[PDB]
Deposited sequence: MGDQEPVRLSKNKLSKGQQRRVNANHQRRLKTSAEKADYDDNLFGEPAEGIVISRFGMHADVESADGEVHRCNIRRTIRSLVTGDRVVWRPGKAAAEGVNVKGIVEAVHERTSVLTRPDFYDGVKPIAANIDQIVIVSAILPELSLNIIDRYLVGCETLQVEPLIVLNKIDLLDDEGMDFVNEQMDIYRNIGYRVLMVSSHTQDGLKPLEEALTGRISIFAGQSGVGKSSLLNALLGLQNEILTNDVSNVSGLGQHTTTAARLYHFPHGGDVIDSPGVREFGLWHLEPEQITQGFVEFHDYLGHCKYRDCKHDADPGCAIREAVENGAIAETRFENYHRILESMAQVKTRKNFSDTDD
């Protein structure tokens, strides 16, 4: 016999159980109704307290769902923070692949360039010019340094009121940034393991090895194309209705690249991504 229903969010999925944070902040380890087809960290739930192990009664519809190449690992992500760094490698192709992933999942991306402390004036100007590629197509870019904490404040402001994950290649400083931001004292990131944490100034983050390894699954060409937001306005304006936007005569996208309206690396990476699929 249980009590009154209440809202909650899944902090972590214990395989057979789940730790649900109630709308009042208290965490309760709960069982899961057999009728629940799937429950993952980030799910918004209707639960009831036991009269101390409560029970999950239902799961609200997910605004988004993160999956592994097609099983859900996390739910209700609002923003994926794409983290890069000068070292070990600043890859525009990696960033572009992630952005395609964001557009496909329909979650807003946040491009973070970490380790700016490793650059001098000339280094800074170069990196900023690179990031302008992204600023110019509407994405917000943040220059930061975990070690110096520079730019960390605007990052917190961009994290508040949202549920994020930190995606990026190894060594860019994900664990470093998260530790600096979370200020954990009695927990440690795993440096079904996905767990959500609360940032001091608002907003949450779901983390674990798999989440950070957020990869791009098999996508159809059209999905890749939609994955480049600056392409949208040119679609339907190519000479051929079925223009593949490669060497096709009169391609509006390619010409835009040749005029400077679209960045060359974006077009180039668009094709590289297209190729690595099928």
{"query": "Missing C-alpha runs, given along the deposited sequence, first residue counted as 1", "finding": "1-42, 94-100, 119-123, 246-258, 346-358"}
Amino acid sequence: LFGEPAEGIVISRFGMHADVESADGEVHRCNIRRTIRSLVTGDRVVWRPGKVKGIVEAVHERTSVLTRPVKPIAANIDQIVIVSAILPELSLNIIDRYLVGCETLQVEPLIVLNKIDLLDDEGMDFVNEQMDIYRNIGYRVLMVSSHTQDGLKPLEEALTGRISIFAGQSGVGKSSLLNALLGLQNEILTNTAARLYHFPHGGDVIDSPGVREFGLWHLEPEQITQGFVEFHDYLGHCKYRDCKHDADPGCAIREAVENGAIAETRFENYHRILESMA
From here on, numbers count along this sequence of modelled residues.
{"query": "238-246 versus 42-50 - which carries the larger mean C-alpha B factor in the record", "finding": "42-50"}
{"query": "11-19 versus 255-263 - which carries the larger mean C-alpha B factor in the record", "finding": "11-19"}
{"query": "Residue with maximal Cα B-factor (values as given in the PDB entry) among 196, 159, 118, 95", "finding": "118"}
{"query": "Peak C-alpha temperature factor (PDB record), options 168, 88, 101, 202", "finding": "88"}
{"query": "Chain thirds of CA B-factor: placement of residue 278", "finding": "highest"}
{"query": "Residue 132 - which third its CA temperature factor falls in, relative to the rest of the chain", "finding": "lowest"}
{"query": "Cα B factor band for residue 226 (lowest, middle or highest third within the chain)", "finding": "lowest"}
{"query": "Residue 163 - Cα temperature factor, lowest/middle/highest third of chain", "finding": "lowest"}
{"query": "Third of the chain's Cα B-factor distribution that residue 232 belongs to, per the entry", "finding": "lowest"}
